[PDB]
Amino acid sequence: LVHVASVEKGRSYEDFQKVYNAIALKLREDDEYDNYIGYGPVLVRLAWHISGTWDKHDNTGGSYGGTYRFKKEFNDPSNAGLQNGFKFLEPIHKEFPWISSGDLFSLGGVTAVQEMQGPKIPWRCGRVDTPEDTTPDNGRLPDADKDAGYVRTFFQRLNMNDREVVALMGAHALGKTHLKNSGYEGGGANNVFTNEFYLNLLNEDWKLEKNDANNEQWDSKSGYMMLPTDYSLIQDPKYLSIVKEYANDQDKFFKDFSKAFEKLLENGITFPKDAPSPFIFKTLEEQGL
Ligand code: HEM
Ligand SMILES: Nc1c([N+](=O)[O-])cnc2ccccc12
């Protein structure tokens with residue numbers, strides 16, 4: 004199964020920078036969302052969930068086809084709460100109707116990471132909307148009540164190795180869990196992209212507790228939480244080494260996360276040899292906007 008990137012007709016870097024800027028301005032404007040976290044974290048989660056359906060064995064799922072727009076995927080219990088990110092992007096899509104849905108959902112994650120002071124994430128255009136029958140079934144996204152061996156095996160289907168897994172999980176510094184969405188609660192209100200997930204894993208005094216949904220999660224008195232799959236990264240000795248590496252090297256984490264997150268958003272896509280090079284968008288702050 005081959006998905007060839009096809010640039011939206013006549014469009015170039017400046018077109019996509021305009022889309023980036025509209026998302027970034029809206030992120031700034033809609034500050035109240037989720038107790039003043041803003042939409043950044045949910046947009047990162049959205050970009051990950053639309054990509055994380057991918058199966059390297061047959062190239063089903065993945066970001067290319069924009070299939071999150073269809074009810075079967077929109078309504079995946081694993082996607083509960085992402086409707087907020089979709090609604091945020093609706094007016095952006097109306098302003099720029101020429102962008103494909105996969106391009107918009109993935110660009111929303113890039114824009115969110117960068118506007119939250121994260122690394123630059125190079126981004127390529129050319130995902131093309133595919134039909135409703137190409138929507139992957141529910142159940143391809145990961146469970147949170149699982150150990151390190153589950154995490155490791157799960158991510159092999161996305162062609163991610165231990166370093167890529169631990170780097171990607173650093174996005175869990177952002178935002179929070181919501182009981183009604185996932186059966187987990189808490190995490191704070193962070194909307195700045197840092198390596199603090201790793202520092203918190205190593206430095207907080209974690210207690211294994213049951214939440215109001217009767218699920219176990221790790222809580223600290225300082226008010227952080229870790230999912231069982233987050234805490235697995237310090238239970239497994241191979242993951243632990245990499246956690247320590249990122250807790251001690253902000254720049255290395257940024258570089259590794261940027262590579263892994265681009266790769267995640269591009270899995271499944273064939274880029275022609277004469278496709279444009281990846282775009283690196285300027286933040287609003289870099290543009291004086
Ligand atoms: C084993 C893998 C993972 C599991 C089990 C997992 C699970 C979860 C769960 C249960 C939530 C809370 C959803 C809610 O209640 O609203 C969440 C939130 C989030 N996840 Fe993950 N996740 C995983 C990997 C990732 C990755 C790879 C990324 C992106 C690189 C990511 C980014 C986020 C973000 C940013 C949020 C916060 C959303 C918000 O504040 O609304 N997650 N994740
Ligand atoms: N804030 C978070 C933390 N945290 O360390 O506060 C840990 N795990 C999370 C998983 C999903 C969303 C937010 C998380």
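In PDB author numbering, the protein residues as written are 4 to 292.
Ideal placement from N, C-alpha and C gives every residue a C-beta, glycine not left out.
With fewer than 16 other Cβ atoms from the protein chains shown falling within 10 Å of its own Cβ, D61 counts as exposed. Boundaries of the beta strand (DSSP E) harbouring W221: 219-222, taken from the DSSP string. A residue is called buried once 16 or more other Cβ atoms fall within 10 Å of its Cβ, and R31, having fewer, is exposed.
In the structure shown, the three-state DSSP call for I95 is helix.
One alpha carbon belongs to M172, the other to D34, and they sit about 25 Å apart. The continuous alpha helix (DSSP H) containing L30 extends over residues 16-32. Taken in chain order, the complete alpha helix (DSSP H) segments of 4 or more residues contained in the region 253-286 are 253-269. Within a 10 Å sphere around the beta-carbon of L230 sit 16 or more other beta-carbons, which makes this residue buried. In the structure shown, the three-state DSSP call for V195 is coil.
In this structure, the C-beta of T232 approaches ligand 1 to less than 7 Å from one of its heavy atoms. Rounded to the nearest whole angstrom, the C-alpha separation of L267 and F260 is 10 Å. For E167, the closest alpha carbon among the candidates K241, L202, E17 is that of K241. Contact between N87 and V45 is confirmed by a C-beta separation of about 5 Å, below the 8 Å threshold. Exclusion of the five residues before and after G129 leaves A8, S9, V10 as the residues of its chain whose Cβ lies within less than 6 Å of its Cβ. The alpha-carbon of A83 is positioned some 31 Å away from that of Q253. Listed in chain order, the non-local C-beta contacts of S103 below 7 Å within the same chain comprise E11, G69, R130, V131, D132, local neighbours out to five positions each way being set aside.
Of the candidates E269, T180, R155, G190, the residue whose Cα lies closest to the Cα of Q238 is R155. Collapsing the DSSP output to three states places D136 in a helix.
For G189, DSSP records a beta bridge to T180. Only residues of its own chain outside the window of five on either side were considered, and among them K255 have a CB closer than 7 Å to the CB of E248, listed in chain order. DSSP places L211 within a strand segment (E or B) once states are collapsed to three.
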